[PDB]
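Peer 1: Got a structure for you, questions after.
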Amino acid sequence: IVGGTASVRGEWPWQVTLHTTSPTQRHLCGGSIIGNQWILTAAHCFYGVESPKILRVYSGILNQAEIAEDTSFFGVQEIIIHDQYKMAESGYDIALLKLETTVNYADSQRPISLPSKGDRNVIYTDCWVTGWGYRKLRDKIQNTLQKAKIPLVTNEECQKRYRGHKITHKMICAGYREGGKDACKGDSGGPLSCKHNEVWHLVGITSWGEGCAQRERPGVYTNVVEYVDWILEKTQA
């Protein structure tokens, strides 16, 4: 997260840190709890991952320092990537992680509500982007969860900032015309929380961008609402 600040513990209870144990344990991507056994994240976050066995999901985390060999975690039973996904920049950058065990909700860890179709016209009040990603180009996973308030930009506006790319309606961007605040490497898979009527909503999933926080280069996120049907179909046994 660029241009952000340290989050308060439990402030973003749906945020999880997805780790990989190979070769050695490290943070890989961010993710969002959306069900007792389901994490919503980015598909491009599993590039080079042949097995869910090397994945570990940690919930209720503020500082990576909290994560040690004796720290409890959720094992991943299955990785579900959207069948139309090819690459972040082309869209469909969405994936479901089915945990091996259920999450016991608490103030430190709870699910975020998915947006409803009857909310695409809703002017999201305030949207916050969060993660342990890079604070700048060529940095390193940050210890304390960072947060940053970032306004959404129209698709038409985003397209202007990404000639050469096709910003579809299944994407949504956010950022300042002047840059300064944005997601960055490591925040991928993270949630783009928006406060709809004192109620949080998982509006987007951190996906991609040209550099980080550069001027006239908004962050691009998966437009979650365009996948509520997909999510329902994939989560029903």
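Please note that chains go A, B, ... in the order of the structure tokens, that every chain numbers its residues from 1, and that ligands are numbered from 1 in the order shown.
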Running DSSP on the backbone, which parts of segment 47-236 of chain A land in alpha helix (DSSP H), as a list in words?

Peer 2: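 Here are the alpha helix (DSSP H) residues of segment 47-236 of chain A: residues 155, 156, 157, 158, 159, 160, 161, 228, 229, 230, 231, 232, 233, 234 and 235 of chain A.
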
Peer 1: Once you have the residues from the selection above, write them out as a compact mmCIF listing (two decimals), in the first residue's frame, restricted to N, CA, C and O atoms.

Peer 2:
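For reference, result-v1.txt as written:
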```
# COMPACT_ATOMS: atom_id res chain seq x y z
N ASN A 155 -15.29 4.00 -15.21
CA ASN A 155 -14.60 3.12 -16.14
C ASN A 155 -14.12 3.94 -17.33
O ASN A 155 -13.03 3.71 -17.86
N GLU A 156 -14.94 4.89 -17.75
CA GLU A 156 -14.58 5.73 -18.88
C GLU A 156 -13.30 6.49 -18.55
O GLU A 156 -12.41 6.64 -19.40
N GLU A 157 -13.19 6.97 -17.32
CA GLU A 157 -12.01 7.70 -16.89
C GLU A 157 -10.79 6.79 -16.83
O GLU A 157 -9.67 7.18 -17.20
N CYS A 158 -10.99 5.56 -16.34
CA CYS A 158 -9.90 4.61 -16.21
C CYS A 158 -9.35 4.23 -17.58
O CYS A 158 -8.13 4.12 -17.77
N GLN A 159 -10.26 4.02 -18.52
CA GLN A 159 -9.87 3.66 -19.86
C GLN A 159 -8.91 4.71 -20.42
O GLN A 159 -7.91 4.37 -21.05
N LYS A 160 -9.21 5.98 -20.16
CA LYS A 160 -8.36 7.05 -20.64
C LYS A 160 -6.95 6.89 -20.10
O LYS A 160 -5.98 7.19 -20.78
N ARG A 161 -6.84 6.39 -18.87
CA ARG A 161 -5.52 6.22 -18.26
C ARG A 161 -4.81 4.95 -18.67
O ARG A 161 -3.65 4.74 -18.33
N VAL A 228 -21.07 -12.21 -8.41
CA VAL A 228 -21.84 -12.79 -7.32
C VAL A 228 -22.48 -14.10 -7.76
O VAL A 228 -22.59 -15.05 -6.97
N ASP A 229 -22.90 -14.18 -9.02
CA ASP A 229 -23.47 -15.42 -9.50
C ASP A 229 -22.38 -16.50 -9.53
O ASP A 229 -22.58 -17.60 -9.02
N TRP A 230 -21.22 -16.17 -10.10
CA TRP A 230 -20.10 -17.11 -10.16
C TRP A 230 -19.76 -17.62 -8.76
O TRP A 230 -19.62 -18.82 -8.53
N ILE A 231 -19.63 -16.68 -7.82
CA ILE A 231 -19.29 -17.01 -6.43
C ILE A 231 -20.30 -17.96 -5.80
O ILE A 231 -19.92 -18.91 -5.12
N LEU A 232 -21.58 -17.69 -6.03
CA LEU A 232 -22.64 -18.54 -5.49
C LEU A 232 -22.53 -19.95 -6.06
O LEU A 232 -22.56 -20.93 -5.32
N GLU A 233 -22.39 -20.04 -7.38
CA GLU A 233 -22.28 -21.33 -8.04
C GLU A 233 -21.07 -22.12 -7.55
O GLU A 233 -21.18 -23.32 -7.30
N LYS A 234 -19.93 -21.47 -7.40
CA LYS A 234 -18.73 -22.17 -6.96
C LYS A 234 -18.69 -22.54 -5.48
O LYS A 234 -17.99 -23.47 -5.09
N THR A 235 -19.43 -21.82 -4.65
CA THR A 235 -19.43 -22.11 -3.22
C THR A 235 -20.50 -23.10 -2.75
O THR A 235 -20.39 -23.64 -1.65
```

Peer 1: At a cut-off of 7 Å, using only C-alpha atoms, what residues contact residue 5 of chain A? Leave out same-chain residues fewer than 2 positions from it and give the result as a list in words.

Peer 2: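 The residues that qualify are residues 7, 146, 147 and 148 of chain A.
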
Peer 1: Given the selection you just returned, output its residues as a file containing N, CA, C and O atoms, formatted as a JSON list (two decimals), in the first residue's frame.

Peer 2:
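Writing the result to again28.json gives the following:
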```
[["chain", "number", "residue", "atom", "x", "y", "z"],
["A", 7, "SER", "N", -2.80, 0.24, 10.11],
["A", 7, "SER", "CA", -4.18, -0.04, 10.47],
["A", 7, "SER", "C", -4.31, -0.33, 11.97],
["A", 7, "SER", "O", -3.32, -0.67, 12.64],
["A", 146, "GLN", "N", -1.38, -2.02, 6.18],
["A", 146, "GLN", "CA", -1.56, -0.63, 5.77],
["A", 146, "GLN", "C", -2.94, -0.40, 5.20],
["A", 146, "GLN", "O", -3.56, -1.30, 4.64],
["A", 147, "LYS", "N", -3.39, 0.84, 5.32],
["A", 147, "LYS", "CA", -4.70, 1.21, 4.80],
["A", 147, "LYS", "C", -4.57, 2.56, 4.09],
["A", 147, "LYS", "O", -3.68, 3.35, 4.39],
["A", 148, "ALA", "N", -5.46, 2.80, 3.13],
["A", 148, "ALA", "CA", -5.45, 4.05, 2.40],
["A", 148, "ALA", "C", -6.81, 4.28, 1.78],
["A", 148, "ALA", "O", -7.39, 3.39, 1.15]]
```

Peer 1: Select, from A:205, A:42, A:61, A:29, the residue with the minimum atom-to-atom distance to residue 107 of chain A, counting only C-alpha atoms.

Peer 2: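 When distances to residue 107 of chain A are compared using only C-alpha atoms, the smallest one comes from A:61.
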
Peer 1: Which residue is closest to residue 102 of chain A? Choose from A:51, A:77, A:15, A:223 and count only C-alpha atoms.

Peer 2: A:77

Peer 1: Tell me which protein, DNA and RNA residues are within 9 Å of residue 101 of chain A, counting only C-alpha atoms, leaving out same-chain ones fewer than 5 positions away, and put them as an MDAnalysis selection string.

Peer 2: chainID A and resid 36:37 74:77

Peer 1: Between atom CA of residue 21 of chain A and atom CA of residue 212 of chain A, what is the spacing in Å?

Peer 2: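 These two atoms are separated by 26.8 Å.
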
Peer 1: Of the candidates A:222, A:143, A:115, A:98, which shows the shortest atom-to-atom distance to residue 237 of chain A, using only C-alpha atoms?

Peer 2: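 Result for the nearest residue to residue 237 of chain A: A:98.
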
Peer 1: Just list as a PDB file with C-alpha atoms, in the first residue's frame whatever in segment 57-215 of chain A DSSP marks as strand (DSSP E).

Peer 2:
```
ATOM      1  CA  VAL A  57      -4.177 -18.622   5.325  1.00  0.00           C
ATOM      2  CA  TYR A  58      -3.842 -16.432   8.417  1.00  0.00           C
ATOM      3  CA  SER A  59      -6.804 -14.454   9.775  1.00  0.00           C
ATOM      4  CA  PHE A  74      -6.055 -22.433   7.905  1.00  0.00           C
ATOM      5  CA  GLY A  75      -5.033 -25.047   5.377  1.00  0.00           C
ATOM      6  CA  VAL A  76      -6.322 -24.751   1.823  1.00  0.00           C
ATOM      7  CA  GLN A  77      -8.383 -27.697   0.628  1.00  0.00           C
ATOM      8  CA  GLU A  78      -8.951 -26.384  -2.884  1.00  0.00           C
ATOM      9  CA  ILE A  79      -8.040 -23.498  -5.174  1.00  0.00           C
ATOM     10  CA  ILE A  80     -10.836 -22.436  -7.524  1.00  0.00           C
ATOM     11  CA  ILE A  81      -9.758 -20.199 -10.402  1.00  0.00           C
ATOM     12  CA  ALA A  95     -10.385 -17.042  -7.273  1.00  0.00           C
ATOM     13  CA  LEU A  96     -11.897 -18.915  -4.350  1.00  0.00           C
ATOM     14  CA  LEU A  97      -9.925 -20.699  -1.636  1.00  0.00           C
ATOM     15  CA  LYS A  98     -11.818 -23.469   0.145  1.00  0.00           C
ATOM     16  CA  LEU A  99     -10.270 -23.883   3.587  1.00  0.00           C
ATOM     17  CA  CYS A 127     -13.532   3.047  -0.175  1.00  0.00           C
ATOM     18  CA  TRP A 128     -10.426   1.803   1.593  1.00  0.00           C
ATOM     19  CA  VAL A 129      -7.641  -0.318   0.103  1.00  0.00           C
ATOM     20  CA  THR A 130      -5.607  -2.555   2.469  1.00  0.00           C
ATOM     21  CA  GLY A 131      -2.672  -4.935   2.562  1.00  0.00           C
ATOM     22  CA  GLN A 146      -1.561  -0.630   5.770  1.00  0.00           C
ATOM     23  CA  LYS A 147      -4.695   1.207   4.795  1.00  0.00           C
ATOM     24  CA  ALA A 148      -5.448   4.049   2.404  1.00  0.00           C
ATOM     25  CA  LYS A 149      -8.627   5.831   1.424  1.00  0.00           C
ATOM     26  CA  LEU A 152     -13.331   5.141  -7.264  1.00  0.00           C
ATOM     27  CA  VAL A 153     -13.014   6.468 -10.828  1.00  0.00           C
ATOM     28  CA  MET A 171     -13.141  -4.211 -13.711  1.00  0.00           C
ATOM     29  CA  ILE A 172     -13.236  -1.143 -11.503  1.00  0.00           C
ATOM     30  CA  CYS A 173     -10.487   1.373 -10.796  1.00  0.00           C
ATOM     31  CA  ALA A 174      -9.667   3.731  -7.970  1.00  0.00           C
ATOM     32  CA  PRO A 191     -10.084  -6.342  -0.740  1.00  0.00           C
ATOM     33  CA  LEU A 192     -11.231  -2.907  -1.858  1.00  0.00           C
ATOM     34  CA  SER A 193     -13.616  -2.144   1.003  1.00  0.00           C
ATOM     35  CA  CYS A 194     -16.365   0.450   0.497  1.00  0.00           C
ATOM     36  CA  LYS A 195     -18.667   1.752   3.208  1.00  0.00           C
ATOM     37  CA  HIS A 196     -22.176   1.472   1.917  1.00  0.00           C
ATOM     38  CA  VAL A 199     -22.117  -1.175   6.093  1.00  0.00           C
ATOM     39  CA  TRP A 200     -18.907  -2.522   4.560  1.00  0.00           C
ATOM     40  CA  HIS A 201     -18.886  -4.020   1.088  1.00  0.00           C
ATOM     41  CA  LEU A 202     -16.271  -6.009  -0.813  1.00  0.00           C
ATOM     42  CA  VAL A 203     -16.391  -3.868  -3.945  1.00  0.00           C
ATOM     43  CA  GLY A 204     -13.180  -4.963  -5.599  1.00  0.00           C
ATOM     44  CA  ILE A 205     -10.197  -7.283  -5.397  1.00  0.00           C
ATOM     45  CA  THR A 206      -6.719  -5.802  -5.854  1.00  0.00           C
ATOM     46  CA  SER A 207      -5.568  -6.885  -9.293  1.00  0.00           C
ATOM     47  CA  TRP A 208      -3.130  -4.706 -11.256  1.00  0.00           C
TER      48      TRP A 208
END
```

Peer 1: With distances taken over only C-alpha atoms, which residue among A:151, A:180, A:30, A:211 lies nearest residue 45 of chain A?

Peer 2: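 Of the candidates, the smallest distance to residue 45 of chain A is held by A:30.
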
Peer 1: Find the nearest atom pair between each residue of segment 13-107 of chain A and segment 163-170 of chain A for residues within 9 Å, count only C-alpha atoms, give distances in Å to one decimal, sort rows by chain and ascending number, and present the table as a Markdown table.

Peer 2:
```
| residue | atom | partner | partner_atom | distance |
| --- | --- | --- | --- | --- |
| A:89 | CA | A:165 | CA | 7.6 |
| A:90 | CA | A:166 | CA | 7.4 |
| A:91 | CA | A:170 | CA | 6.9 |
| A:92 | CA | A:170 | CA | 7.5 |
```

Peer 1: Give the answer as one residue: which of A:133, A:13, A:190, A:218 has the shortest atom-to-atom distance to residue 178 of chain A, using only C-alpha atoms?

Peer 2: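 Going through A:133, A:13, A:190, A:218 one by one, the smallest distance to residue 178 of chain A is for A:218.
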
Peer 1: Nearest to residue 111 of chain A among A:68, A:73, A:86, A:31, with distances taken over only C-alpha atoms: which residue is it?

Peer 2: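 The answer is A:31, which sits nearest to residue 111 of chain A.
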
Peer 1: To one decimal place in Å, what is the distance between atom CA of residue 87 of chain A and atom CA of residue 47 of chain A?

Peer 2: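 Rounded to one decimal, the two atoms are 9.7 Å apart.
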
Peer 1: Excluding residue 136 of chain A and its own-chain neighbours fewer than 4 positions away, which residues fall within 10 Å of it when counting only C-alpha atoms? Please give them as an mmCIF file with N, CA and C atoms, in the first residue's frame.

Peer 2:
```cif
data_model
loop_
_atom_site.group_PDB
_atom_site.id
_atom_site.type_symbol
_atom_site.label_atom_id
_atom_site.label_comp_id
_atom_site.auth_asym_id
_atom_site.auth_seq_id
_atom_site.Cartn_x
_atom_site.Cartn_y
_atom_site.Cartn_z
ATOM 1 N N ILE A 1 0.840 -1.230 0.000
ATOM 2 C CA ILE A 1 0.000 0.000 0.000
ATOM 3 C C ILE A 1 0.860 1.260 0.000
ATOM 4 N N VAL A 2 0.676 2.107 -1.006
ATOM 5 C CA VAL A 2 1.447 3.341 -1.075
ATOM 6 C C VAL A 2 0.676 4.522 -0.487
ATOM 7 N N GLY A 3 1.390 5.376 0.245
ATOM 8 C CA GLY A 3 0.774 6.548 0.847
ATOM 9 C C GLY A 3 -0.293 6.236 1.877
ATOM 10 N N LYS A 140 9.380 -4.124 -0.139
ATOM 11 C CA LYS A 140 9.270 -5.403 0.537
ATOM 12 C C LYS A 140 8.026 -5.487 1.421
ATOM 13 N N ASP A 182 -2.184 4.194 -3.377
ATOM 14 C CA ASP A 182 -2.546 3.083 -4.248
ATOM 15 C C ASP A 182 -2.062 1.743 -3.696
ATOM 16 N N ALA A 183 -2.543 0.664 -4.299
ATOM 17 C CA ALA A 183 -2.123 -0.668 -3.913
ATOM 18 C C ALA A 183 -0.785 -0.874 -4.616
ATOM 19 N N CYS A 184 -0.030 -1.874 -4.190
ATOM 20 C CA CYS A 184 1.240 -2.162 -4.830
ATOM 21 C C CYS A 184 1.549 -3.636 -4.657
ATOM 22 N N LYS A 185 2.671 -4.083 -5.207
ATOM 23 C CA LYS A 185 3.030 -5.489 -5.122
ATOM 24 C C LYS A 185 2.872 -6.041 -3.705
ATOM 25 N N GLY A 211 2.816 0.360 -12.519
ATOM 26 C CA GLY A 211 3.624 0.942 -11.463
ATOM 27 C C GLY A 211 2.763 1.031 -10.215
ATOM 28 N N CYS A 212 3.088 1.952 -9.317
ATOM 29 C CA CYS A 212 2.309 2.117 -8.091
ATOM 30 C C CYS A 212 2.153 3.580 -7.712
ATOM 31 N N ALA A 213 0.904 4.015 -7.584
ATOM 32 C CA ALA A 213 0.584 5.382 -7.198
ATOM 33 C C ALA A 213 1.074 6.467 -8.148
#
```
